[PDB]
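Novice: The structure under discussion is supplied below as structure tokens; questions concerning it will follow.
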Amino acid sequence: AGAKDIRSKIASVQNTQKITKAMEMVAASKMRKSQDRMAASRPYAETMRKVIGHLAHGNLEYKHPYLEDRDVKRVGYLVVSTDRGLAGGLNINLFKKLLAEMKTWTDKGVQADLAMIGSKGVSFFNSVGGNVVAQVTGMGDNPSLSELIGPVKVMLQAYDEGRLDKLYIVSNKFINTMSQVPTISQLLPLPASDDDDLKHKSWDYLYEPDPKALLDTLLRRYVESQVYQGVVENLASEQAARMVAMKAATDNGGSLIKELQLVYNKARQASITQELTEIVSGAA
Amino acid sequence: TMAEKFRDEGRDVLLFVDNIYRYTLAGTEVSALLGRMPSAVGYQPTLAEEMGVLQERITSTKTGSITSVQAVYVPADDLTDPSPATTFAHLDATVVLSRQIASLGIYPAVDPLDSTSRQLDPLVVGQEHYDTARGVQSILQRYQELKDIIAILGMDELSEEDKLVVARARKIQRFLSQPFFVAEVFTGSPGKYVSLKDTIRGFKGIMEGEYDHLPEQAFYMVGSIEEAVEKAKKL
Amino acid sequence: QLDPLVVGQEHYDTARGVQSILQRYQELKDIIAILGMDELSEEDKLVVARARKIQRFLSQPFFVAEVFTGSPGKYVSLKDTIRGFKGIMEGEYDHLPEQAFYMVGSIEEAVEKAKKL
Amino acid sequence: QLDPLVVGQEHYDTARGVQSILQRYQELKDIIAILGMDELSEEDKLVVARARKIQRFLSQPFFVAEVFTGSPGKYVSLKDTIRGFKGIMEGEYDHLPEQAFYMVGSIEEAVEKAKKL
Amino acid sequence: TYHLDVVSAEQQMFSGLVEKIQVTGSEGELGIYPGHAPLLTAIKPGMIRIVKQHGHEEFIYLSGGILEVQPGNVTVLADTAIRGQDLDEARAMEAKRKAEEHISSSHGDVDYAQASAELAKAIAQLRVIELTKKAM
Amino acid sequence: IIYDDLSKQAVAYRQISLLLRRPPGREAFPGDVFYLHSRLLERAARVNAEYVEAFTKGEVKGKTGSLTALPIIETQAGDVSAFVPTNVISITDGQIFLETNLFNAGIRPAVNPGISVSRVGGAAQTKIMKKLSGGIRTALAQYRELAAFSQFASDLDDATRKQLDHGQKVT
Amino acid sequence: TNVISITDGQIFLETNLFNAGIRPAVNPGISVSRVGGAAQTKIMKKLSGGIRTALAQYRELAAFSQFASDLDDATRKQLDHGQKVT
């Protein structure tokens, strides 16, 4: 206490308010760039899904494993998490939803399996004791598909090798700048769109060399693309969450300055009074 | 006492004090010279009485009245210091001028959100004027943060429920400007004296969506609203 | 009188554990004030939740305060309170809400109050 | 008195160079803390090493401190001071380990010490 | 002329109208003129020749992908890096190794790193809430 | 006229006052410490032609006289809000605030824009300088907060990159 | 302020350490003994030199204790060694 300590504390809180204002600005610009990098990713997945729609269950169809709902004896999850803190409640809401569903699956006696994108989830699920089999970390704000090839390779290999029976990606969904929602959604076996290529009756492809070898790579590339889109939406959501967190923190710093200054003024007045009284009432 | 002589003639008088804080400090100096014991934060022991024996002579009497406009300086920006605290016990209204509102080119540069008056009550000033002032206050203090959003996220982030608030707040903000008979030497435009009725009409209008069809610069420096419509005519 | 020699090791150890938790909670009150509670490590959130439960549980109704709150007074024996605080600290009552501890006597009244929210 | 007209451009430049290196190392300390050193640039890792060496080389053993530590004291002229700090800042000693500069005295004694390490 | 899209998982690499293209298909080089019948094939890594309307030639390097020729459209779903089985398996082996030995890399965000360190140092030993008697 | 330190005159007055047992005031400065600097700095004035003619009994007719004053004040730790500094800031027509963080960084003279001002302003400035220097002060006041934002933000918009580089040229 | 100036040293006992469980609640970063190692057996003089720096680096890193999840393992070892010697 005393005017000098409180004045030092006011100075430090003003500095904190500067820092958080700057972090809010930066997060807003990176949100814009990340939700451009997000929109740039749609065409690939959107056309590849129409190709698969025509080739898999169109006017002709095939019997690839990834398309059939076989019996669930254990599940795998791909978890997207940030690499950086100060993002608000994002990661923990996501992880609590994930744990709530993994609880059901393990109650039914089916095991669960995890592969981690980002280091926050890695540390968290190491602390909880989940089974993590593959991870990639330190992508930061520069996600690239060539890094996601590993962890999704592990899960696909373990799927068609018969050691999984369902595969999910769990990630946040960027909806509106002020709102973001965690979602667990399935990507194996392939979920069935209502797009009708019954109008495509009018034709069929020439397959070089044959359709069966092509459907396989199309499905693998499609799964990799959806995982990448999940990563990128989660990145834009991290930015849009850090923005609002830092806005709130700047307002809290501002509302705290106004209390520290009342305490400071009271201490200043008390010190003037005590000094001047000691002098006057000491003399004579 | 010169103002009291004018009051006794039955007039309504206006008394300006160039700084009441220095009227307090002169009394502190004199008290120290006379050797009296100091008081709350060093002030004289008779601070509140020296202030009251002045501020209690300027009142409306059955014959006339003295109104007073007093410039006040707050030490250390502390509204709890004994001198501001004692002065505010006597003030009725309070107008705060702001460098900002002047930077935007609006004169007089009064801040509508910190200016206050304890005459703003339905029981004294009426219900329509009360709720009109409260209206413009709420409109402007929302705009104050819609313009905070716009700075970080850009305009098109706003809902269209808000792009209307911004467009009405800008017009209200302009319409608070006025040309003075004393400012002609700067503005050229003739000075205008706006009755109260005219201001209540104009702001009821702007707030309740009337006059939405004419641009904001039709309000700037205009005067009454019946002149804002004409400035929009010849725009 | 708060010594291991005077009040036994269990009482002393529970008292010092309560102090340690509440002080650790005081240390976090500024970061919570600025950055909000979501920025705490996963176990500092646990410290904070237990600290708030302990804050509640130190409250008690008094026979001479019925005139104020209407609630009947409670008399809590020492044996019956060091057990409740050992419980709250060791983690055996995390399920109950905070308000389950507010203005109760023994800990059984808290587990019994949780049933009504 | 630290201006070129009185100390000469050599001394003034050496002093401001040292201040600049240390002032930059103060920047880098917290990036080293949060991201680890292997993320620094190939120029920044050199600034870190030279700042740490400069920071060691400012220490000196005193003739009157010999009673405290038993190490014998050293007297270092200004010429050797400028020569040593300029050599350090200009990479002439990037091949010595940091501890060769600690409590060393004059710069030749740092090369005599490194052989012993 | 017909419309052509070369798109990766990450970004759109080309768009617009074209006169013809020549591609090194998996089963041999190939050339697509307008009206070409619907076709689907993988393609090997290498250059894809375009001649944009008015004869403007250019080469784009593709690391491989899948080529889909439709009645009036053609799209090349290129990919970002060489793909095979010898490579993707090494990527997966390292992805497992980093999970077995708990190896965590840092991100590259020097900005957030500096801001976070300044924010942590500014808020330390601040003790404000003991001082402003905020009940909390 | 230049008063090399009016902080030290205030200290000397406090001494020679307490030694006469006069009752002190805030920070133990005498009650009338404000009147000390006030009745001094109010002598720095510009005086019109009729006063000059009357004073000198007609010996000088066309001229106007003046006396400019540049008092120097010393602040502890940059605290402008001390007693004597905030007394004198309420007496003069402006202040040149010399900021130590600039002086040690090699910016010399370390004039701090924004917090320093002249309340007579362009009326005293020569015409060419008034024309060419209109934007400098606010430009720097804004550049120096943009440069405080710059530490945390890499990857700056070119629009602000121009502003930063220009402010840095002028600085 | 007088008796801190007369004496050859100061042991500072702090109530935050005393509440946080650290007893005796000595604050080592602000206590001083001007006689120093001269008043120690040479084994204690040898062994305390490492404790001083173990605690000094910890006091320099302390700020990050509330962000410790973010830190690099190269400093985390210093931080969790300082906590143990404390």
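To be explicit about the labels: the chains of the structure tokens are called A, B, and onward in the order shown, and within each one the residues are counted from 1, while ligands get numbers from 1 in the order they are shown.
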From the DSSP assignment of the backbone, select every residue of region 21-150 of chain F that is helix (DSSP H, G or I), and format the answer as JSON, numbers by chain.
Specialist: {"F": [26, 27, 28, 33, 34, 35, 36, 37, 38, 39, 40, 41, 49, 50, 51, 52, 53, 54, 55, 76, 77, 78, 83, 84, 85, 86, 87, 88, 100, 101, 102, 103, 104, 121, 122, 123, 124, 127, 128, 129, 130, 131, 132, 136, 137, 138, 139, 140, 141, 142, 143, 144, 145, 146, 147, 148, 149, 150]}
Novice: Which residues of chain A come within 7 Å of chain E, and what is each one's closest atom pair and distance in Å (one decimal), counting only C-alpha atoms, sorted by chain and residue number, as JSON lines?
Specialist:
```
{"residue": "A:9", "atom": "CA", "partner": "E:126", "partner_atom": "CA", "distance": 6.7}
{"residue": "A:12", "atom": "CA", "partner": "E:122", "partner_atom": "CA", "distance": 6.0}
{"residue": "A:16", "atom": "CA", "partner": "E:122", "partner_atom": "CA", "distance": 6.1}
{"residue": "A:19", "atom": "CA", "partner": "E:119", "partner_atom": "CA", "distance": 6.6}
{"residue": "A:40", "atom": "CA", "partner": "E:11", "partner_atom": "CA", "distance": 5.4}
{"residue": "A:41", "atom": "CA", "partner": "E:10", "partner_atom": "CA", "distance": 5.1}
{"residue": "A:44", "atom": "CA", "partner": "E:9", "partner_atom": "CA", "distance": 5.6}
{"residue": "A:83", "atom": "CA", "partner": "E:107", "partner_atom": "CA", "distance": 6.6}
{"residue": "A:119", "atom": "CA", "partner": "E:104", "partner_atom": "CA", "distance": 6.7}
{"residue": "A:132", "atom": "CA", "partner": "E:99", "partner_atom": "CA", "distance": 6.9}
{"residue": "A:133", "atom": "CA", "partner": "E:99", "partner_atom": "CA", "distance": 5.9}
{"residue": "A:134", "atom": "CA", "partner": "E:96", "partner_atom": "CA", "distance": 4.6}
{"residue": "A:135", "atom": "CA", "partner": "E:99", "partner_atom": "CA", "distance": 5.5}
{"residue": "A:136", "atom": "CA", "partner": "E:95", "partner_atom": "CA", "distance": 6.5}
{"residue": "A:137", "atom": "CA", "partner": "E:105", "partner_atom": "CA", "distance": 5.9}
{"residue": "A:138", "atom": "CA", "partner": "E:107", "partner_atom": "CA", "distance": 4.0}
{"residue": "A:139", "atom": "CA", "partner": "E:107", "partner_atom": "CA", "distance": 6.0}
{"residue": "A:140", "atom": "CA", "partner": "E:107", "partner_atom": "CA", "distance": 4.8}
{"residue": "A:146", "atom": "CA", "partner": "E:81", "partner_atom": "CA", "distance": 6.4}
{"residue": "A:149", "atom": "CA", "partner": "E:88", "partner_atom": "CA", "distance": 6.7}
{"residue": "A:150", "atom": "CA", "partner": "E:92", "partner_atom": "CA", "distance": 4.0}
{"residue": "A:151", "atom": "CA", "partner": "E:95", "partner_atom": "CA", "distance": 5.9}
{"residue": "A:153", "atom": "CA", "partner": "E:92", "partner_atom": "CA", "distance": 6.0}
{"residue": "A:154", "atom": "CA", "partner": "E:92", "partner_atom": "CA", "distance": 5.9}
{"residue": "A:204", "atom": "CA", "partner": "E:38", "partner_atom": "CA", "distance": 6.8}
{"residue": "A:205", "atom": "CA", "partner": "E:39", "partner_atom": "CA", "distance": 4.8}
{"residue": "A:206", "atom": "CA", "partner": "E:39", "partner_atom": "CA", "distance": 4.4}
{"residue": "A:207", "atom": "CA", "partner": "E:40", "partner_atom": "CA", "distance": 5.4}
{"residue": "A:208", "atom": "CA", "partner": "E:41", "partner_atom": "CA", "distance": 5.1}
{"residue": "A:209", "atom": "CA", "partner": "E:27", "partner_atom": "CA", "distance": 6.8}
{"residue": "A:225", "atom": "CA", "partner": "E:9", "partner_atom": "CA", "distance": 6.0}
{"residue": "A:259", "atom": "CA", "partner": "E:132", "partner_atom": "CA", "distance": 6.2}
{"residue": "A:260", "atom": "CA", "partner": "E:132", "partner_atom": "CA", "distance": 6.1}
{"residue": "A:263", "atom": "CA", "partner": "E:132", "partner_atom": "CA", "distance": 6.6}
```
Novice: Which parts of region 101-245 of chain A does DSSP call strand (DSSP E) when run on the backbone here, written out as an MDAnalysis selection string?
Specialist: chainID A and resid 111:117 132:136 167:176 179:188 206:208
Novice: Using only C-alpha atoms, which residues of chain D come within 10 Å of chain E, and what is the closest atom pair for each, with the distance in Å to one decimal? Give it as CSV, sorted by chain and residue number.
Specialist:
```
residue,atom,partner,partner_atom,distance
D:27,CA,E:114,CA,8.7
D:28,CA,E:114,CA,9.0
D:29,CA,E:114,CA,9.7
D:30,CA,E:117,CA,6.1
D:31,CA,E:114,CA,6.1
D:32,CA,E:113,CA,9.4
D:33,CA,E:117,CA,8.4
D:34,CA,E:113,CA,6.0
D:35,CA,E:106,CA,5.8
D:36,CA,E:106,CA,7.6
D:38,CA,E:106,CA,9.4
D:39,CA,E:108,CA,7.6
D:40,CA,E:110,CA,9.5
```
Novice: Mind dumping the selected residues with C-alpha atoms as a PDB file, in the first residue's frame?
Specialist:
```pdb
ATOM      1  CA  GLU D  27      14.527  -9.346 -25.776  1.00  0.00           C
ATOM      2  CA  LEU D  28      15.503 -12.889 -26.670  1.00  0.00           C
ATOM      3  CA  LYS D  29      15.313 -14.305 -23.140  1.00  0.00           C
ATOM      4  CA  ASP D  30      11.534 -14.763 -23.194  1.00  0.00           C
ATOM      5  CA  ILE D  31      11.376 -16.285 -26.664  1.00  0.00           C
ATOM      6  CA  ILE D  32      14.008 -18.725 -25.436  1.00  0.00           C
ATOM      7  CA  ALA D  33      11.767 -19.399 -22.456  1.00  0.00           C
ATOM      8  CA  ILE D  34       8.511 -20.015 -24.312  1.00  0.00           C
ATOM      9  CA  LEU D  35       9.678 -21.506 -27.632  1.00  0.00           C
ATOM     10  CA  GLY D  36      13.048 -22.983 -26.692  1.00  0.00           C
ATOM     11  CA  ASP D  38      16.320 -24.359 -31.193  1.00  0.00           C
ATOM     12  CA  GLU D  39      13.722 -22.059 -32.779  1.00  0.00           C
ATOM     13  CA  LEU D  40      15.978 -18.989 -32.847  1.00  0.00           C
TER      14      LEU D  40
END
```
Novice: Using Å and a single decimal, report how far CA of residue 112 (chain A) sits from CA of residue 158 (chain A).
Specialist: 12.6 Å
Novice: Restrict the distance test to only C-alpha atoms, flag each residue of chain G within 10 Å of chain D, and return the flagged residues as a PyMOL selection string.
Specialist: chain G and resi 35-38+61+64+67-76
Novice: Any idea which chain F residues end up within 12 Å of chain D if we count only C-alpha atoms, as number ranges by chain please?
Specialist: F: 104-106, 151
Novice: Using only C-alpha atoms, determine which residues lie at most 8 Å from region 95-101 of chain D, disregarding the query and same-chain residues fewer than 6 positions distant; provide the list as a list in words.
Specialist: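 Using only C-alpha atoms, the neighbours found are residues 49, 52, 53, 56, 57, 107, 110, 111, 113, 114 and 117 of chain D.
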Novice: May I have the selected residues written with N, CA and C atoms, as a PDB file, in the first residue's frame?
Specialist:
```pdb
ATOM      1  N   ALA D  49      24.851 -16.298 -27.785  1.00  0.00           N
ATOM      2  CA  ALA D  49      26.140 -16.764 -27.289  1.00  0.00           C
ATOM      3  C   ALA D  49      27.070 -15.601 -26.973  1.00  0.00           C
ATOM      4  N   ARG D  52      25.910 -13.758 -23.782  1.00  0.00           N
ATOM      5  CA  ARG D  52      26.283 -14.499 -22.585  1.00  0.00           C
ATOM      6  C   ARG D  52      27.776 -14.393 -22.309  1.00  0.00           C
ATOM      7  N   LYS D  53      28.604 -14.387 -23.351  1.00  0.00           N
ATOM      8  CA  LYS D  53      30.038 -14.259 -23.120  1.00  0.00           C
ATOM      9  C   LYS D  53      30.397 -12.861 -22.634  1.00  0.00           C
ATOM     10  N   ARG D  56      29.482 -12.674 -19.019  1.00  0.00           N
ATOM     11  CA  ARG D  56      30.482 -13.293 -18.158  1.00  0.00           C
ATOM     12  C   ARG D  56      31.718 -12.417 -18.031  1.00  0.00           C
ATOM     13  N   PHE D  57      32.171 -11.838 -19.141  1.00  0.00           N
ATOM     14  CA  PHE D  57      33.465 -11.175 -19.172  1.00  0.00           C
ATOM     15  C   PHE D  57      33.486  -9.881 -18.378  1.00  0.00           C
ATOM     16  N   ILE D 107      41.790 -10.581 -21.441  1.00  0.00           N
ATOM     17  CA  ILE D 107      41.265 -11.478 -22.466  1.00  0.00           C
ATOM     18  C   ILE D 107      42.238 -12.605 -22.782  1.00  0.00           C
ATOM     19  N   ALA D 110      41.529 -15.560 -20.851  1.00  0.00           N
ATOM     20  CA  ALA D 110      40.418 -16.405 -21.263  1.00  0.00           C
ATOM     21  C   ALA D 110      40.877 -17.513 -22.194  1.00  0.00           C
ATOM     22  N   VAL D 111      41.816 -17.226 -23.096  1.00  0.00           N
ATOM     23  CA  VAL D 111      42.335 -18.288 -23.950  1.00  0.00           C
ATOM     24  C   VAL D 111      43.227 -19.216 -23.143  1.00  0.00           C
ATOM     25  N   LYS D 113      42.617 -19.967 -20.080  1.00  0.00           N
ATOM     26  CA  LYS D 113      41.708 -20.772 -19.273  1.00  0.00           C
ATOM     27  C   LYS D 113      40.989 -21.815 -20.111  1.00  0.00           C
ATOM     28  N   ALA D 114      40.645 -21.483 -21.355  1.00  0.00           N
ATOM     29  CA  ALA D 114      39.871 -22.418 -22.160  1.00  0.00           C
ATOM     30  C   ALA D 114      40.624 -23.719 -22.379  1.00  0.00           C
ATOM     31  N   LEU D 117      39.853 -26.089 -19.655  1.00  0.00           N
ATOM     32  CA  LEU D 117      38.510 -26.652 -19.689  1.00  0.00           C
ATOM     33  C   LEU D 117      38.447 -27.825 -20.655  1.00  0.00           C
TER      34      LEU D 117
END
```
Novice: What does the structure give for the distance between CA of residue 256 (chain A) and CA of residue 13 (chain A), in Å to one decimal?
Specialist: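 These atoms are spaced 8.0 Å apart.
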Novice: Show which residues sit within 12 Å of region 2-9 of chain G, as a PyMOL selection string. Count only C-alpha atoms, and ignore same-chain residues fewer than 4 positions away.
Specialist: chain G and resi 30-36
Novice: Give me, as a PyMOL selection string, all polymer residues having an atom no more than 12 Å from region 230-232 of chain A, counting only C-alpha atoms and skipping those fewer than 3 positions away in the same chain.
Specialist: (chain A and resi 31+33-42+45+78-83+116-118+136-137+139-145+147-148+168-174+182-187+223-227+235-239) or (chain E and resi 9-10)
Novice: If you count only C-alpha atoms, which residues fall within 9 Å of region 19-25 of chain D, apart from same-chain ones fewer than 6 positions away, as JSON, numbers by chain?
Specialist: {"D": [44, 47, 48, 50, 51, 52, 54, 55, 89]}
Novice: Suppose we keep N, CA and C atoms; can you now write the selection as a PDB file, in the first residue's frame?
Specialist:
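Okay, selection_6.pdb is ready:
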```pdb
ATOM      1  N   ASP D  44      20.429 -15.109 -34.407  1.00  0.00           N
ATOM      2  CA  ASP D  44      20.025 -14.855 -33.031  1.00  0.00           C
ATOM      3  C   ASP D  44      20.748 -15.777 -32.064  1.00  0.00           C
ATOM      4  N   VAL D  47      23.914 -14.088 -31.393  1.00  0.00           N
ATOM      5  CA  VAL D  47      23.733 -12.977 -30.467  1.00  0.00           C
ATOM      6  C   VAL D  47      23.586 -13.488 -29.046  1.00  0.00           C
ATOM      7  N   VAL D  48      22.869 -14.591 -28.859  1.00  0.00           N
ATOM      8  CA  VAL D  48      22.720 -15.147 -27.519  1.00  0.00           C
ATOM      9  C   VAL D  48      24.072 -15.581 -26.977  1.00  0.00           C
ATOM     10  N   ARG D  50      27.072 -14.566 -27.809  1.00  0.00           N
ATOM     11  CA  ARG D  50      27.979 -13.454 -27.574  1.00  0.00           C
ATOM     12  C   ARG D  50      27.510 -12.589 -26.418  1.00  0.00           C
ATOM     13  N   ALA D  51      26.202 -12.430 -26.245  1.00  0.00           N
ATOM     14  CA  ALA D  51      25.709 -11.707 -25.085  1.00  0.00           C
ATOM     15  C   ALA D  51      26.075 -12.437 -23.809  1.00  0.00           C
ATOM     16  N   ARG D  52      25.910 -13.758 -23.782  1.00  0.00           N
ATOM     17  CA  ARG D  52      26.283 -14.499 -22.585  1.00  0.00           C
ATOM     18  C   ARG D  52      27.776 -14.393 -22.309  1.00  0.00           C
ATOM     19  N   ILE D  54      29.794 -11.831 -23.224  1.00  0.00           N
ATOM     20  CA  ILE D  54      30.008 -10.464 -22.758  1.00  0.00           C
ATOM     21  C   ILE D  54      29.587 -10.333 -21.309  1.00  0.00           C
ATOM     22  N   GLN D  55      28.476 -10.968 -20.959  1.00  0.00           N
ATOM     23  CA  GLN D  55      27.935 -10.887 -19.614  1.00  0.00           C
ATOM     24  C   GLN D  55      28.846 -11.575 -18.613  1.00  0.00           C
ATOM     25  N   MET D  89      32.628  -9.057 -29.311  1.00  0.00           N
ATOM     26  CA  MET D  89      31.492  -8.649 -30.130  1.00  0.00           C
ATOM     27  C   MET D  89      31.703  -8.981 -31.598  1.00  0.00           C
TER      28      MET D  89
END
```
Novice: Contacts between chain B and chain F, please, where a residue of chain F counts if it comes within 8 Å (with only C-alpha atoms); show its shortest atom pair and distance in Å to one decimal, rows by chain and ascending number, as JSON lines.
Specialist:
```
{"residue": "F:23", "atom": "CA", "partner": "B:32", "partner_atom": "CA", "distance": 6.3}
{"residue": "F:24", "atom": "CA", "partner": "B:32", "partner_atom": "CA", "distance": 7.6}
{"residue": "F:25", "atom": "CA", "partner": "B:42", "partner_atom": "CA", "distance": 6.2}
{"residue": "F:26", "atom": "CA", "partner": "B:42", "partner_atom": "CA", "distance": 5.9}
{"residue": "F:31", "atom": "CA", "partner": "B:29", "partner_atom": "CA", "distance": 5.3}
{"residue": "F:32", "atom": "CA", "partner": "B:29", "partner_atom": "CA", "distance": 5.7}
{"residue": "F:81", "atom": "CA", "partner": "B:76", "partner_atom": "CA", "distance": 6.7}
```
Novice: Would you mind listing, as a ChimeraX atom specification, all residues of chain A that have at least one atom within 9 Å of chain F, where only C-alpha atoms are what counts?
Specialist: /A:18-19,21-23,25-26,272-273,275-276,279-280,283
Novice: Store the residues of this selection in a file with N, CA, C and O atoms, as an mmCIF file, in the first residue's frame.
Specialist:
```cif
data_model
loop_
_atom_site.group_PDB
_atom_site.id
_atom_site.type_symbol
_atom_site.label_atom_id
_atom_site.label_comp_id
_atom_site.auth_asym_id
_atom_site.auth_seq_id
_atom_site.Cartn_x
_atom_site.Cartn_y
_atom_site.Cartn_z
ATOM 1 N N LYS A 18 -2.539 -2.636 -22.431
ATOM 2 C CA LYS A 18 -1.927 -2.445 -23.745
ATOM 3 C C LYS A 18 -1.701 -3.780 -24.436
ATOM 4 O O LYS A 18 -2.063 -3.963 -25.608
ATOM 5 N N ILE A 19 -1.100 -4.724 -23.717
ATOM 6 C CA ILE A 19 -0.746 -5.997 -24.330
ATOM 7 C C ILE A 19 -1.992 -6.713 -24.828
ATOM 8 O O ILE A 19 -2.017 -7.249 -25.942
ATOM 9 N N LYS A 21 -4.950 -5.459 -25.609
ATOM 10 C CA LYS A 21 -5.509 -4.777 -26.771
ATOM 11 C C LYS A 21 -4.774 -5.177 -28.043
ATOM 12 O O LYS A 21 -5.401 -5.452 -29.083
ATOM 13 N N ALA A 22 -3.447 -5.260 -27.970
ATOM 14 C CA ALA A 22 -2.689 -5.640 -29.153
ATOM 15 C C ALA A 22 -2.993 -7.072 -29.563
ATOM 16 O O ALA A 22 -3.134 -7.364 -30.758
ATOM 17 N N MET A 23 -3.098 -7.979 -28.591
ATOM 18 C CA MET A 23 -3.397 -9.362 -28.936
ATOM 19 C C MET A 23 -4.771 -9.487 -29.569
ATOM 20 O O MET A 23 -4.963 -10.312 -30.465
ATOM 21 N N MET A 25 -6.208 -7.174 -31.521
ATOM 22 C CA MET A 25 -6.053 -6.750 -32.912
ATOM 23 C C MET A 25 -5.424 -7.854 -33.759
ATOM 24 O O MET A 25 -5.915 -8.184 -34.854
ATOM 25 N N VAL A 26 -4.342 -8.447 -33.260
ATOM 26 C CA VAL A 26 -3.641 -9.473 -34.024
ATOM 27 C C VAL A 26 -4.554 -10.661 -34.280
ATOM 28 O O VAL A 26 -4.603 -11.202 -35.391
ATOM 29 N N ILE A 272 -0.959 13.047 2.920
ATOM 30 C CA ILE A 272 -0.839 14.491 3.098
ATOM 31 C C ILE A 272 -1.310 14.881 4.486
ATOM 32 O O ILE A 272 -0.646 15.648 5.197
ATOM 33 N N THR A 273 -2.460 14.350 4.899
ATOM 34 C CA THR A 273 -3.011 14.725 6.192
ATOM 35 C C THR A 273 -2.077 14.339 7.325
ATOM 36 O O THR A 273 -1.805 15.151 8.215
ATOM 37 N N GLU A 275 1.185 13.767 7.367
ATOM 38 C CA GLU A 275 2.416 14.543 7.412
ATOM 39 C C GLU A 275 2.159 15.940 7.954
ATOM 40 O O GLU A 275 2.845 16.402 8.878
ATOM 41 N N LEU A 276 1.176 16.635 7.385
ATOM 42 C CA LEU A 276 0.944 18.015 7.772
ATOM 43 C C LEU A 276 0.488 18.128 9.220
ATOM 44 O O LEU A 276 0.874 19.081 9.912
ATOM 45 N N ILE A 279 3.630 17.760 11.468
ATOM 46 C CA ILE A 279 4.411 18.994 11.529
ATOM 47 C C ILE A 279 3.732 20.003 12.444
ATOM 48 O O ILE A 279 4.300 20.446 13.452
ATOM 49 N N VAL A 280 2.499 20.379 12.107
ATOM 50 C CA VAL A 280 1.859 21.480 12.815
ATOM 51 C C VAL A 280 1.718 21.161 14.295
ATOM 52 O O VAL A 280 2.126 21.952 15.151
ATOM 53 N N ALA A 283 5.055 21.211 16.261
ATOM 54 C CA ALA A 283 5.585 22.522 16.605
ATOM 55 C C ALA A 283 4.823 23.107 17.784
ATOM 56 O O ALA A 283 3.600 22.979 17.880
#
```
Novice: Starting from chain A, keep only residues with some atom at most 9 Å from an atom of chain G, counting only C-alpha atoms, and report them as an MDAnalysis selection string.
Specialist: chainID A and resid 84:85 120 123
Novice: Could those residues be written to a file, using C-alpha atoms, as a JSON list (two decimals), in the first residue's frame?
Specialist:
```json
[["chain", "number", "residue", "atom", "x", "y", "z"],
["A", 84, "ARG", "CA", -1.49, -22.00, -28.07],
["A", 85, "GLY", "CA", -3.29, -21.01, -24.89],
["A", 120, "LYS", "CA", -2.76, -29.04, -26.01],
["A", 123, "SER", "CA", -0.84, -32.96, -22.85]]
```
Novice: Expressed in Å to a single decimal, how great is the separation between CA of residue 105 (chain A) and CA of residue 191 (chain A)?
Specialist: 19.4 Å
Novice: I'd like the contact shell of residue 108 (chain F) - 10 Å cut-off, only C-alpha atoms, skipping same-chain residues fewer than 6 positions apart - returned as a list in words.
Specialist: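 These residues fall inside the cut-off: residues 98, 99, 100, 102 and 171 of chain F.
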Novice: Okay, now the selection with N, CA, C and O atoms, as an mmCIF file, in the first residue's frame?
Specialist:
```cif
data_model
loop_
_atom_site.group_PDB
_atom_site.id
_atom_site.type_symbol
_atom_site.label_atom_id
_atom_site.label_comp_id
_atom_site.auth_asym_id
_atom_site.auth_seq_id
_atom_site.Cartn_x
_atom_site.Cartn_y
_atom_site.Cartn_z
ATOM 1 N N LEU F 98 10.417 16.584 -21.805
ATOM 2 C CA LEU F 98 11.585 15.854 -22.266
ATOM 3 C C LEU F 98 11.553 14.475 -21.629
ATOM 4 O O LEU F 98 11.673 14.351 -20.407
ATOM 5 N N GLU F 99 11.405 13.444 -22.450
ATOM 6 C CA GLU F 99 11.110 12.098 -21.981
ATOM 7 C C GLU F 99 12.398 11.292 -21.902
ATOM 8 O O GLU F 99 13.138 11.205 -22.885
ATOM 9 N N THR F 100 12.657 10.695 -20.739
ATOM 10 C CA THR F 100 13.932 10.020 -20.528
ATOM 11 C C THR F 100 14.060 8.755 -21.365
ATOM 12 O O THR F 100 15.164 8.418 -21.807
ATOM 13 N N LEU F 102 13.230 8.385 -24.291
ATOM 14 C CA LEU F 102 13.709 8.799 -25.599
ATOM 15 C C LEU F 102 15.160 9.238 -25.526
ATOM 16 O O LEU F 102 15.962 8.904 -26.402
ATOM 17 N N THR F 171 11.229 10.758 -37.292
ATOM 18 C CA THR F 171 11.846 10.652 -35.976
ATOM 19 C C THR F 171 13.359 10.682 -36.077
ATOM 20 O O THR F 171 14.031 11.274 -35.229
#
```
